[PDB]
file final_21.cif (mmCIF, C-alpha atoms and all ligand atoms)
data_start
loop_
_atom_site.label_atom_id
_atom_site.label_comp_id
_atom_site.auth_asym_id
_atom_site.auth_seq_id
_atom_site.Cartn_x
_atom_site.Cartn_y
_atom_site.Cartn_z
CA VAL U 3 -27.13 27.24 118.06
CA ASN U 4 -29.30 30.38 118.01
CA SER U 5 -28.70 34.12 117.67
CA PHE U 6 -29.30 35.26 121.28
CA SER U 7 -26.14 36.94 122.56
CA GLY U 8 -24.84 38.04 125.95
CA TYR U 9 -27.15 35.94 128.13
CA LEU U 10 -26.21 34.45 131.47
CA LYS U 11 -27.18 30.77 131.65
CA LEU U 12 -29.28 30.03 134.73
CA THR U 13 -30.25 26.43 134.07
CA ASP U 14 -30.26 23.93 131.29
CA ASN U 15 -33.01 25.90 129.51
CA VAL U 16 -33.32 29.35 131.07
CA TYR U 17 -31.15 32.31 130.12
CA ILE U 18 -31.27 35.91 131.35
CA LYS U 19 -30.00 39.32 130.21
CA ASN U 20 -30.30 42.97 131.20
CA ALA U 21 -31.98 44.20 128.03
CA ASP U 22 -34.91 46.14 126.61
CA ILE U 23 -37.14 43.41 125.19
CA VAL U 24 -38.17 45.83 122.47
CA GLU U 25 -34.58 46.37 121.30
CA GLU U 26 -33.76 42.73 121.80
CA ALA U 27 -36.70 41.70 119.62
CA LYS U 28 -35.74 44.23 116.92
CA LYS U 29 -32.23 42.73 116.71
CA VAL U 30 -32.90 39.03 117.04
CA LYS U 31 -36.26 38.74 115.21
CA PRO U 32 -37.07 35.69 117.33
CA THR U 33 -39.68 33.17 116.27
CA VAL U 34 -41.66 34.07 119.44
CA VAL U 35 -41.67 37.19 121.61
CA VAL U 36 -43.85 36.99 124.73
CA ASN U 37 -46.05 39.93 125.66
CA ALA U 38 -47.11 40.62 129.26
CA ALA U 39 -50.75 40.90 128.23
CA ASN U 40 -54.01 41.48 130.07
CA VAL U 41 -57.23 39.60 129.29
CA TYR U 42 -58.52 42.45 127.08
CA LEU U 43 -55.26 42.73 125.10
CA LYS U 44 -55.25 46.45 125.96
CA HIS U 45 -51.54 47.22 125.51
CA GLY U 46 -51.34 50.44 127.47
CA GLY U 47 -48.16 50.30 129.51
CA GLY U 48 -45.36 48.19 130.85
CA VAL U 49 -43.94 45.66 128.43
CA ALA U 50 -47.19 45.55 126.43
CA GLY U 51 -47.31 49.30 125.88
CA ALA U 52 -43.66 49.26 124.84
CA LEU U 53 -44.09 46.37 122.39
CA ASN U 54 -47.24 47.88 120.94
CA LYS U 55 -45.62 51.31 120.51
CA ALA U 56 -42.75 49.66 118.63
CA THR U 57 -45.32 48.18 116.18
CA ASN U 58 -46.81 51.66 115.53
CA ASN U 59 -50.07 50.41 117.18
CA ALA U 60 -50.47 47.53 114.69
CA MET U 61 -50.38 45.08 117.62
CA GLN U 62 -53.34 46.89 119.22
CA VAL U 63 -55.33 46.93 115.95
CA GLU U 64 -54.81 43.18 115.50
CA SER U 65 -55.62 42.56 119.17
CA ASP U 66 -58.90 44.50 119.03
CA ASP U 67 -60.04 42.33 116.12
CA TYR U 68 -59.03 39.20 118.08
CA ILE U 69 -61.09 40.26 121.12
CA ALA U 70 -64.08 41.28 119.01
CA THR U 71 -64.13 37.75 117.55
CA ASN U 72 -63.10 35.62 120.54
CA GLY U 73 -63.75 37.60 123.72
CA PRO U 74 -61.24 38.05 126.53
CA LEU U 75 -58.48 35.67 127.47
CA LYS U 76 -58.36 33.87 130.82
CA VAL U 77 -55.91 34.91 133.53
CA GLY U 78 -53.19 32.29 133.07
CA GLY U 79 -54.06 31.91 129.37
CA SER U 80 -52.55 33.02 126.09
CA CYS U 81 -53.04 33.50 122.38
CA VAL U 82 -50.65 33.55 119.43
CA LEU U 83 -50.86 36.61 117.18
CA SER U 84 -48.49 38.28 114.73
CA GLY U 85 -45.08 39.47 115.88
CA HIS U 86 -45.30 42.39 113.42
CA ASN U 87 -41.85 43.98 112.99
CA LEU U 88 -40.52 42.44 116.23
CA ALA U 89 -40.79 38.65 115.79
CA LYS U 90 -42.53 36.03 113.67
CA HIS U 91 -45.18 35.55 116.38
CA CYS U 92 -46.21 37.24 119.60
CA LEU U 93 -47.39 34.95 122.39
CA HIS U 94 -49.68 37.15 124.49
CA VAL U 95 -49.61 35.62 127.99
CA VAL U 96 -51.79 36.82 130.90
CA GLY U 97 -50.02 36.48 134.24
CA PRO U 98 -52.01 37.43 137.34
CA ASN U 99 -52.02 41.14 138.18
CA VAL U 100 -51.48 41.50 141.93
CA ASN U 101 -52.73 45.09 141.70
CA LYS U 102 -56.09 43.57 140.64
CA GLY U 103 -56.12 40.92 143.39
CA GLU U 104 -55.57 37.96 141.06
CA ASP U 105 -54.39 34.63 142.45
CA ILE U 106 -50.62 34.32 142.26
CA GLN U 107 -50.89 30.55 141.85
CA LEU U 108 -52.09 31.34 138.31
CA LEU U 109 -48.51 32.38 137.56
CA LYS U 110 -47.51 28.73 137.03
CA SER U 111 -50.41 28.25 134.59
CA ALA U 112 -49.28 31.37 132.72
CA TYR U 113 -45.71 30.06 132.33
CA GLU U 114 -47.03 26.67 131.10
CA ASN U 115 -48.00 28.42 127.86
CA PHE U 116 -44.29 28.83 127.10
CA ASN U 117 -43.92 25.03 126.81
CA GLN U 118 -45.85 25.09 123.52
CA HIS U 119 -42.88 26.90 121.89
CA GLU U 120 -39.35 25.55 121.49
CA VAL U 121 -37.60 28.94 121.94
CA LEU U 122 -38.94 32.27 123.27
CA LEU U 123 -37.79 35.78 124.11
CA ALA U 124 -39.78 36.81 127.15
CA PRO U 125 -40.19 39.14 130.12
CA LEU U 126 -40.75 37.91 133.64
CA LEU U 127 -44.48 37.31 133.90
CA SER U 128 -46.44 39.31 136.47
CA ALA U 129 -43.38 41.52 137.16
CA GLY U 130 -43.28 45.28 136.74
CA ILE U 131 -46.69 46.94 136.82
CA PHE U 132 -48.37 43.55 137.38
CA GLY U 133 -47.14 43.77 140.95
CA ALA U 134 -45.61 40.35 141.66
CA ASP U 135 -42.18 39.75 143.15
CA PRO U 136 -39.81 39.25 140.16
CA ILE U 137 -37.63 36.86 142.19
CA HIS U 138 -40.69 34.62 142.70
CA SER U 139 -41.57 34.98 139.03
CA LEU U 140 -38.09 33.82 138.04
CA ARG U 141 -38.37 30.81 140.37
CA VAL U 142 -41.73 29.79 138.87
CA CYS U 143 -40.29 30.25 135.37
CA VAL U 144 -37.33 27.97 136.06
CA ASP U 145 -39.54 25.37 137.76
CA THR U 146 -42.25 25.40 135.03
CA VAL U 147 -40.78 26.16 131.62
CA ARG U 148 -38.97 23.26 129.95
CA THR U 149 -38.42 24.90 126.55
CA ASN U 150 -35.63 27.40 125.91
CA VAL U 151 -36.45 30.81 127.35
CA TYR U 152 -34.38 33.99 126.98
CA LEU U 153 -35.51 36.45 129.66
CA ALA U 154 -35.02 40.15 129.09
CA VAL U 155 -34.97 42.25 132.26
CA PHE U 156 -35.19 45.99 131.59
CA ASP U 157 -33.97 47.25 134.98
CA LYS U 158 -30.23 46.74 135.56
CA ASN U 159 -30.62 46.94 139.34
CA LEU U 160 -33.29 44.25 139.23
CA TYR U 161 -31.27 42.08 136.86
CA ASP U 162 -28.33 42.10 139.26
CA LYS U 163 -30.64 41.33 142.23
CA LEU U 164 -32.22 38.47 140.24
CA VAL U 165 -28.79 37.03 139.36
CA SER U 166 -27.21 37.39 142.75
CA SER U 167 -30.16 35.79 144.59
CA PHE U 168 -30.81 33.01 142.14
CA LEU U 169 -30.71 29.58 143.76
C1 LIG D 201 -42.81 49.12 133.07
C2 LIG D 201 -41.58 48.34 132.61
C3 LIG D 201 -40.79 47.49 133.37
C4 LIG D 201 -39.81 46.99 132.54
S1 LIG D 201 -38.50 45.84 133.05
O1 LIG D 201 -38.16 44.84 132.03
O2 LIG D 201 -37.23 46.53 133.22
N1 LIG D 201 -39.10 45.09 134.44
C5 LIG D 201 -39.10 45.77 135.71
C6 LIG D 201 -39.73 45.14 136.78
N2 LIG D 201 -39.78 45.71 137.97
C7 LIG D 201 -39.23 46.92 138.17
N3 LIG D 201 -39.18 47.66 139.32
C8 LIG D 201 -38.54 48.80 139.09
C9 LIG D 201 -38.15 48.82 137.76
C10 LIG D 201 -38.59 47.61 137.17
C11 LIG D 201 -38.52 47.03 135.88
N4 LIG D 201 -39.98 47.53 131.36
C12 LIG D 201 -39.18 47.27 130.18
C13 LIG D 201 -38.46 48.62 129.72
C14 LIG D 201 -38.10 48.33 128.44
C15 LIG D 201 -39.35 47.43 127.83
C16 LIG D 201 -39.98 46.83 128.88
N5 LIG D 201 -41.08 48.35 131.38
#
call {"tool": "encode", "arguments": {"input": "final_21.cif", "output": "C-alpha cells"}}
result
Amino acid sequence: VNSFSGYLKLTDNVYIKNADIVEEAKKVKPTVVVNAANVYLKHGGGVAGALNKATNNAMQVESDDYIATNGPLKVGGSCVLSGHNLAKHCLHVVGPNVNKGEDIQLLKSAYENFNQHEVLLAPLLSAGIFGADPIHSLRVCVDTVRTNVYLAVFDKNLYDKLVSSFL
C-alpha cells in the first residue's frame, strides 16, 4: 500500500490521474518524481519549468552543476538528482522532442529508465511541448515500464481522451 490517491488503474502496474504533477508531488512526497528533461537540464517550460519553479530554482542550480561536471545527457537517457521540496529524488528523463526532429523510437529507451525505480510519479514522456502524441506515449509506457508508475496528466480534456481510448 502507498499514498497515491484517486488514480484510475490501467494495468497491473500503471495508474493515471488528472492532476498537476507539481501539486501531486507536494502532497505525496514520492520517493521519485520524474522530470520531462532535455539533455542540457535547462528547465525552462512545460513540466520541467513547472517543477523547477516549485523548487525556487534550486533544481536548476543543482542541474547546472551536474552538467558542468558530466556534460549533457543522451536523448533516451536519465540522471538521478535531488527531489528538493517535491520528492526524495528527481529522475530527469530525456524523451525525444519531436519539435527538434528526434527519433520517436527513443521513447521506449526513455521509459526504460523508469524500471530502475520501484515506484514513480511521472508525466507522459515526450508529451506536451515535446510534441509527441500522448496516446502513443501512454502505449509505450504501458508496454515498457514494469515498475509501478503513477501518471499525472495536467489537461483534463487530454486525461479523458487518454482514458477513453486506452486499449
Ligand atoms: C506545458 C504543460 C503541459 C502539461 S500536462 O500535464 O497537462 N500535459 C499536456 C500535454 N498535452 C497538452 N495539449 C494541450 C494541453 C496539454 C497538456 N503541463 C502540466 C501543468 C501542470 C504541470 C505540468 N504543463
call {"tool": "residues_around", "arguments": {"input": "final_21.cif", "residues": "segment 10-16 of chain U", "least_positions_apart": "3", "cutoff": "7 Å", "atoms": "only C-alpha atoms", "output": "PyMOL selection string"}}
result
chain U and resi 19+144+148-152
call {"tool": "atom_distance", "arguments": {"input": "final_21.cif", "atom1": "atom CA of residue 112 of chain U", "atom2": "atom CA of residue 74 of chain U"}}
result
15.0 Å
call {"tool": "closest_residue", "arguments": {"input": "final_21.cif", "among": "U:52, U:95, U:42, U:158", "to": "residue 70 of chain U", "atoms": "all atoms listed in the file"}}
result
U:42
call {"tool": "atom_distance", "arguments": {"input": "final_21.cif", "atom1": "atom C5 of ligand LIG 201 (chain D)", "atom2": "atom CA of residue 124 of chain U"}}
result
12.4 Å
call {"tool": "closest_residue", "arguments": {"input": "final_21.cif", "among": "U:128, U:54, U:4, U:20", "to": "residue 84 of chain U", "atoms": "all atoms listed in the file"}}
result
U:54
call {"tool": "residues_near_ligand", "arguments": {"input": "final_21.cif", "ligand": "ligand LIG 201 (chain D)", "cutoff": "9 Å", "atoms": "only C-alpha atoms and all ligand atoms", "output": "PyMOL selection string"}}
result
chain U and resi 20-25+47-53+125-126+128-136+154-161
call {"tool": "atom_distance", "arguments": {"input": "final_21.cif", "atom1": "atom CA of residue 111 of chain U", "atom2": "atom CA of residue 8 of chain U"}}
result
28.7 Å
call {"tool": "closest_residue", "arguments": {"input": "final_21.cif", "among": "U:142, U:35, U:137, U:147", "to": "residue 165 of chain U", "atoms": "only C-alpha atoms"}}
result
U:137
call {"tool": "closest_residue", "arguments": {"input": "final_21.cif", "among": "U:166, U:139, U:40, U:117", "to": "residue 76 of chain U", "atoms": "all atoms listed in the file"}}
result
U:40
call {"tool": "residues_around", "arguments": {"input": "final_21.cif", "residues": "residue 80 of chain U", "least_positions_apart": "4", "cutoff": "9 Å", "atoms": "only C-alpha atoms", "output": "NGL selection string"}}
result
:U and (39 or 41 or 75-76 or 93-96 or 112 or 115)
call {"tool": "write_last_selection", "arguments": {"input": "final_21.cif", "atoms": "C-alpha atoms", "output": "PDB file, keeping the file's coordinate frame"}}
result
ATOM      1  CA  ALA U  39     -50.750  40.900 128.230  1.00  0.00           C
ATOM      2  CA  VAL U  41     -57.230  39.600 129.290  1.00  0.00           C
ATOM      3  CA  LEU U  75     -58.480  35.670 127.470  1.00  0.00           C
ATOM      4  CA  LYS U  76     -58.360  33.870 130.820  1.00  0.00           C
ATOM      5  CA  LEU U  93     -47.390  34.950 122.390  1.00  0.00           C
ATOM      6  CA  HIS U  94     -49.680  37.150 124.490  1.00  0.00           C
ATOM      7  CA  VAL U  95     -49.610  35.620 127.990  1.00  0.00           C
ATOM      8  CA  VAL U  96     -51.790  36.820 130.900  1.00  0.00           C
ATOM      9  CA  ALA U 112     -49.280  31.370 132.720  1.00  0.00           C
ATOM     10  CA  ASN U 115     -48.000  28.420 127.860  1.00  0.00           C
TER      11      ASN U 115
END
call {"tool": "closest_residue", "arguments": {"input": "final_21.cif", "among": "U:56, U:106, U:27, U:3", "to": "residue 89 of chain U", "atoms": "all atoms listed in the file"}}
result
U:27
call {"tool": "residues_around", "arguments": {"input": "final_21.cif", "residues": "residue 83 of chain U", "least_positions_apart": "5", "cutoff": "10 Å", "atoms": "only C-alpha atoms", "output": "MDAnalysis selection string"}}
result
chainID U and resid 34 61 64:65 68 90:94
call {"tool": "write_last_selection", "arguments": {"input": "final_21.cif", "atoms": "C-alpha atoms", "output": "compact mmCIF listing (two decimals), in the frame of the given file"}}
result
# COMPACT_ATOMS: atom_id res chain seq x y z
CA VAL U 34 -41.66 34.07 119.44
CA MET U 61 -50.38 45.08 117.62
CA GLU U 64 -54.81 43.18 115.50
CA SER U 65 -55.62 42.56 119.17
CA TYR U 68 -59.03 39.20 118.08
CA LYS U 90 -42.53 36.03 113.67
CA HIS U 91 -45.18 35.55 116.38
CA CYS U 92 -46.21 37.24 119.60
CA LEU U 93 -47.39 34.95 122.39
CA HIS U 94 -49.68 37.15 124.49
call {"tool": "closest_residue", "arguments": {"input": "final_21.cif", "among": "U:18, U:114, U:31, U:82", "to": "residue 5 of chain U", "atoms": "all atoms listed in the file"}}
result
U:31
call {"tool": "axis_aligned_box", "arguments": {"input": "final_21.cif", "around": "segment 12-21 of chain U", "padding_each_side": "4 Å", "output": "lines of an AutoDock Vina configuration file"}}
result
center_x = -31.3
center_y = 34.1
center_z = 131.4
size_x = 12.0
size_y = 28.3
size_z = 14.7
call {"tool": "build_atoms", "arguments": {"input": "final_21.cif", "residues": "segment 19-30 of chain U", "atoms": "N, CA and C atoms", "output": "PDB file, keeping the file's coordinate frame"}}
result
ATOM      1  N   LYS U  19     -30.801  38.192 130.670  1.00  0.00           N
ATOM      2  CA  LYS U  19     -30.000  39.320 130.210  1.00  0.00           C
ATOM      3  C   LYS U  19     -30.649  40.629 130.658  1.00  0.00           C
ATOM      4  N   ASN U  20     -29.819  41.611 130.987  1.00  0.00           N
ATOM      5  CA  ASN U  20     -30.300  42.970 131.200  1.00  0.00           C
ATOM      6  C   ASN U  20     -30.478  43.609 129.834  1.00  0.00           C
ATOM      7  N   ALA U  21     -31.726  43.706 129.380  1.00  0.00           N
ATOM      8  CA  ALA U  21     -31.980  44.200 128.030  1.00  0.00           C
ATOM      9  C   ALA U  21     -33.404  44.737 127.946  1.00  0.00           C
ATOM     10  N   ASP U  22     -33.592  45.655 127.002  1.00  0.00           N
ATOM     11  CA  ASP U  22     -34.910  46.140 126.610  1.00  0.00           C
ATOM     12  C   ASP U  22     -35.485  45.135 125.630  1.00  0.00           C
ATOM     13  N   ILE U  23     -36.574  44.461 126.021  1.00  0.00           N
ATOM     14  CA  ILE U  23     -37.140  43.410 125.190  1.00  0.00           C
ATOM     15  C   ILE U  23     -37.520  43.980 123.849  1.00  0.00           C
ATOM     16  N   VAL U  24     -37.862  45.270 123.800  1.00  0.00           N
ATOM     17  CA  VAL U  24     -38.170  45.830 122.470  1.00  0.00           C
ATOM     18  C   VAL U  24     -36.932  45.845 121.578  1.00  0.00           C
ATOM     19  N   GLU U  25     -35.804  46.316 122.080  1.00  0.00           N
ATOM     20  CA  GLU U  25     -34.580  46.370 121.300  1.00  0.00           C
ATOM     21  C   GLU U  25     -34.055  44.974 121.032  1.00  0.00           C
ATOM     22  N   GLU U  26     -34.191  44.094 122.012  1.00  0.00           N
ATOM     23  CA  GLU U  26     -33.760  42.730 121.800  1.00  0.00           C
ATOM     24  C   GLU U  26     -34.556  42.062 120.685  1.00  0.00           C
ATOM     25  N   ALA U  27     -35.875  42.265 120.674  1.00  0.00           N
ATOM     26  CA  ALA U  27     -36.700  41.700 119.620  1.00  0.00           C
ATOM     27  C   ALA U  27     -36.323  42.274 118.258  1.00  0.00           C
ATOM     28  N   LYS U  28     -36.128  43.594 118.187  1.00  0.00           N
ATOM     29  CA  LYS U  28     -35.740  44.230 116.920  1.00  0.00           C
ATOM     30  C   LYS U  28     -34.439  43.671 116.353  1.00  0.00           C
ATOM     31  N   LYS U  29     -33.526  43.203 117.181  1.00  0.00           N
ATOM     32  CA  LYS U  29     -32.230  42.730 116.710  1.00  0.00           C
ATOM     33  C   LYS U  29     -32.241  41.252 116.405  1.00  0.00           C
ATOM     34  N   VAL U  30     -32.893  40.473 117.251  1.00  0.00           N
ATOM     35  CA  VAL U  30     -32.900  39.030 117.040  1.00  0.00           C
ATOM     36  C   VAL U  30     -33.980  38.569 116.050  1.00  0.00           C
TER      37      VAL U  30
END
